[PDB]
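Line by line, the protein sequences are chains A and B. Positions 7 to 88, 93 to 279 (the deposited numbering) are the ones given, in order, by the first sequence. Numbering of the second sequence is given in the deposited numbering, commencing with residue 2 and proceeding in unit increments. Heads up, the beta-carbon is just placed ideally off N, CA and C, and yes, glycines get one too. Remarks on the structure that follows.
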Amino acid sequence: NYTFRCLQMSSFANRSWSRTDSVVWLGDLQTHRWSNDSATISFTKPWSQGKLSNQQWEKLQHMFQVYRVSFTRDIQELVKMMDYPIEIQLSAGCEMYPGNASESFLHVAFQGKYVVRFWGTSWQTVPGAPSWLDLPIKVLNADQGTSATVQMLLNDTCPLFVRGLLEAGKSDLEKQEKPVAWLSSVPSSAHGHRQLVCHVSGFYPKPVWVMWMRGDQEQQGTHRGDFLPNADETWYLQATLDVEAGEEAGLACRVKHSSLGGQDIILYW
Amino acid sequence: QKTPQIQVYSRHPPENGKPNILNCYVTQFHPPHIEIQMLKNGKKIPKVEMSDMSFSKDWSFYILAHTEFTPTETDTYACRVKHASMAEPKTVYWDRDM
Ligand SMILES: CCCCCCCCCCCC(=O)N[C@@H](CO[C@H]1O[C@H](CO)[C@H](O)[C@H](O)[C@H]1O)[C@H](O)[C@H](O)CCCC(=O)NCCCCCCc1ccccc1
Ligand SMILES: *[C@@H]1O[C@H](CO[C@@H]2O[C@@H](C)[C@@H](O)[C@@H](O)[C@@H]2O)[C@@H](O[C@@H]2O[C@H](CO)[C@@H](O)[C@H](O)[C@H]2NC(C)=O)[C@H](O)[C@H]1NC(C)=O
Ligand SMILES: CCCCCCCCCCCCCCCC(=O)O
Ligand SMILES: *[C@@H]1O[C@H](CO)[C@@H](O)[C@H](O)[C@H]1NC(C)=O
Ligand SMILES: *[C@@H]1O[C@H](CO)[C@@H](O)[C@H](O)[C@H]1NC(C)=O
Numbered sequence: 007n008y009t010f011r012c013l014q015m016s017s018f019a020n021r022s023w024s025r026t027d028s029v030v031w032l033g034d035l036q037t038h039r040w041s042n043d044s045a046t047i048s049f050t051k052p053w054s055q056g057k058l059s060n061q062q063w064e065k066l067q068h069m070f071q072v073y074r075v076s077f078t079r080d081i082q083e084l085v086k087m088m093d094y095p096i097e098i099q100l101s102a103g104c105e106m107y108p109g110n111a112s113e114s115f116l117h118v119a120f121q122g123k124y125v126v127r128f129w130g131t132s133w134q135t136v137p138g139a140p141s142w143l144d145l146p147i148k149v150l151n152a153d154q155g156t157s158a159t160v161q162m163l164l165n166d167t168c169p170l171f172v173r174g175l176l177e178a179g180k181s182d183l184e185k186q187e188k189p190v191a192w193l194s195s196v197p198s199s200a201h202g203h204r205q206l207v208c209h210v211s212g213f214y215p216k217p218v219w220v221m222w223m224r225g226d227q228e229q230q231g232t233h234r235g236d237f238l239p240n241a242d243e244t245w246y247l248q249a250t251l252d253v254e255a256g257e258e259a260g261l262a263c264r265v266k267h268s269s270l271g272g273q274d275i276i277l278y279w
Numbered sequence: 002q003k004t005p006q007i008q009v010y011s012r013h014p015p016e017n018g019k020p021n022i023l024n025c026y027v028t029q030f031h032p033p034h035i036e037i038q039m040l041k042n043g044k045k046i047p048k049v050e051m052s053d054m055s056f057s058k059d060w061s062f063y064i065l066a067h068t069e070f071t072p073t074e075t076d077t078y079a080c081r082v083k084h085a086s087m088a089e090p091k092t093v094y095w096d097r098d099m
């Protein structure tokens, strides 16, 4: 069960300066990058072409090459009619559900706020979006050639492409990397208290279980941090526990993960 | 405008004298223009590698910086961020214990 996301980020500083950059993700692994200063889309995995032939890939890329130029012109022309600086983001792709099913999306943000989506056969402003967008969305919807292309991309190309990625990238998507854990501590705010920290790093895939323990008893004070990326496509997480000084003894951190073969890591404080 | 959050953490368990990698993960910011420096004893580390900038479900940007480092008993490491949301740079120190 995976979500394929193409993320476009465009900054328009004035009528002479703009750039558009994109990154593409399959779940939590980056599959493409497309820098403003590259003519072509870059692969960031060996399998980033999926099961598309070189001809199909080149066709697909050419359309994006045209889009990137047209997009930039459209926005510059729009700002002249209607100011700077302007940030526009697009998030498009599809979510693959079990038994062949999938749903596609194309969402657009202006100045960091979701304003427009493509839905069915047309562009729509979302409720609460500024009313000045209605007219340019009307004009965009008159372009039926663009509408039909976006329909093809969302309905056909996205799920097709992603099926091929899942097959082609199987050994990477299903890779297992073991967490390594360690313990440390800092003083707490209030007197006679300490924050114990269980650090867990290098694990893949993302799902993991980390708890402070007293024997078989979970310590419900366990405060799990956010999932933080390492630079080598593994994850980092820490879990903290506020403890009274001289109540440290008998505490352990326990880590469960798919890569460990049913043998949890247990570190003792 | 959204203010960047900064988290500093090592790739491997720190051991004094042993080469490791220090990560600085910067999140929750907008607009995307940003300057990120990693510092050793207050001095800019030259070799710093950056991921491609990306953004989250909520549209805020994130980026990961990392560099090789060898922790010792006496060296301090930090990550310093300049962004239009803040009048001054924000510095977060690596604390192996935190
Ligand atoms: C993340 C992935 C990107 C998803 C995106 C779709 C990629 C496929 C497009 C292929 C067709 C396209 O490029 N159309 C371009 C070229 O069109 C000509 O040529 C085409 C073929 O070459 C067809 O023959 C057309 O009939 C013909 O008019 C159009 O010039 C098109 O108008 C440019 C792209 C417009 C577009 O979609 N923009 C993103 C949506 C933003 C909506 C407005 C948002 C906004 C506005 C102001 C302020 C803030 C926000
Ligand atoms: C493409 O599919 C849409 C419907 O799919 C939905 O919208 C897409 C953008 C995508 O995000 C999907 O996951 C969504 O579930 C078709 O639009 C429908 O067409 C039917 C049949 O003519 C019509 O009765 C409906 O009104 C349309 N649905 C909506 C919600 O507007 C569209 O025709 C398909 N286009 C092609 C070329 O296949
Ligand atoms: C409408 C987009 C969904 C369909 C995408 C299926 C093909 C994926 C190809 C990956 C290349 C990414 C190109 C990014 C283009 C951009 O955002 O400007
Ligand atoms: C346009 O923006 C760029 C980048 O911010 C800047 O260097 C340049 O001064 C701007 N151009 C004008 C004409 O102000
Ligand atoms: C981005 O790419 C476009 C098209 O190649 C180019 O004209 C523009 O100058 C680039 N922008 C920057 C800021 O480099």
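Nearest candidate by alpha-carbon position, reference residue i, set the options
i: residue 225(A); options: 201(A), 258(A) and 195(A); result: 258(A)
i: residue 88(A); options: 141(A), 243(A) and 217(A); result: 141(A)
i: residue 251(A); options: 220(A), 205(A), 115(A) and 183(A); result: 205(A)
i: residue 93(A); options: 67(A), 209(A) and 20(A); result: 20(A)
i: residue 187(A); options: 200(A), 176(A), 137(A) and 218(A); result: 218(A)
i: residue 233(A); options: 151(A), 241(A) and 253(A); result: 253(A)
i: residue 73(B); options: 17(B), 93(B) and 7(B); result: 17(B)
i: residue 256(A); options: 279(A), 237(A) and 235(A); result: 279(A)
i: residue 58(B); options: 31(A), 53(A) and 44(A); result: 31(A)
i: residue 83(A); options: 261(A), 151(A), 271(A) and 22(A); result: 22(A)
i: residue 12(B); options: 239(A), 261(A) and 269(A); result: 239(A)
i: residue 208(A); options: 202(A), 192(A), 198(A) and 196(A); result: 192(A)
i: residue 270(A); options: 185(A), 138(A) and 171(A); result: 185(A)
i: residue 27(B); options: 260(A), 237(A), 276(A) and 275(A); result: 237(A)
i: residue 67(B); options: 46(B), 87(B) and 83(B); result: 46(B)
i: residue 44(A); options: 25(A), 60(A), 55(A) and 276(A); result: 25(A)
i: residue 137(A); options: 149(A), 34(A) and 124(A); result: 124(A)
i: residue 95(B); options: 3(B), 89(B), 22(B) and 5(B); result: 22(B)
Proximity test, Cβ basis, 8 Å: residue i and chain B
i: residue 240(A); result: yes
i: residue 231(A); result: no
i: residue 90(A); result: Residue 90(A) cannot be placed in this structure, since chain A goes from 88 to 93 without the numbers between.
i: residue 278(A); result: no
i: residue 119(A); result: yes
i: residue 124(A); result: yes
i: residue 220(A); result: no
i: residue 196(A); result: yes
i: residue 207(A); result: yes
i: residue 211(A); result: yes
CB contact check: residue i to chain A, cutoff 8 Å
i: residue 10(B); result: yes
i: residue 32(B); result: yes
i: residue 76(B); result: no
i: residue 56(B); result: yes
i: residue 50(B); result: yes
i: residue 39(B); result: no
Nearest-angstrom Cβ-Cβ length linking residue i and residue j, presumed shorter than 8 Å
i: residue 70(B); j: residue 63(B); result: That pair is no contact at about 22 Å.
i: residue 189(A); j: residue 211(A); result: 7 Å
i: residue 98(A); j: residue 16(A); result: 5 Å
i: residue 178(A); j: residue 50(B); result: Not a contact, Cβ separation roughly 27 Å.
i: residue 103(A); j: residue 37(A); result: So it is not a contact: roughly 11 Å between Cβ atoms.
i: residue 46(A); j: residue 67(A); result: 6 Å
i: residue 174(A); j: residue 57(A); result: 3 Å
i: residue 222(A); j: residue 231(A); result: 7 Å
i: residue 151(A); j: residue 133(A); result: 6 Å
i: residue 7(A); j: residue 108(A); result: 7 Å
Legend entry - Three-pair Cβ contact test at 8 Å for the region 18-35 of chain B versus the region 256-268 of chain A: no
Inset, instruction - Using a Cβ-Cβ cut-off of less than 7 Å, list which residues of the region 131-147 of chain A approach chain B; keep chain order. - result: none
Inset, instruction - Return the residues of the region 93-105 of chain A that lie within a Cβ-Cβ distance of less than 9 Å from chain B, sorted by chain order. - result: 95, 97, 99 and 101
Legend entry - Interface residues of the region 13-29 of chain B facing chain A [CB-CB below 9 Å]: 13, 14, 15, 22, 24, 26 and 28
Inset, instruction - Quick one: which residues of the region 85-96 of chain B get their C-beta closer than 9 Å to a C-beta of chain A? List them in chain order. - result: 96
Legend entry - Contact the region 77-87 of chain A vs the region 36-50 of chain B: 3+ CB pairs below 8 Å: no
Legend entry - Contact the region 199-213 of chain A vs the region 236-248 of chain A: 3+ CB pairs below 8 Å: yes
Legend entry - the region 244-265 of chain A: positions lying closer than 8 Å to chain B by Cβ: 246 and 248
Legend entry - Cβ-based contacts, 8 Å cut-off: residues of the region 156-188 of chain A near chain B: none
Legend entry - Inter-stretch contact (C-beta, 8 Å, three-pair minimum) for the region 117-129 of chain A and the region 165-178 of chain A: no
Inset, instruction - Mind checking the region 75-87 of chain A against chain B and listing, in chain order, the residues whose C-beta falls within less than 7 Å of any C-beta there? - result: none
Inset, instruction - Return the residues of the region 13-40 of chain A that lie within a Cβ-Cβ distance of less than 8 Å from chain B, sorted by chain order. - result: 13, 15, 17, 27, 29, 31, 36 and 39
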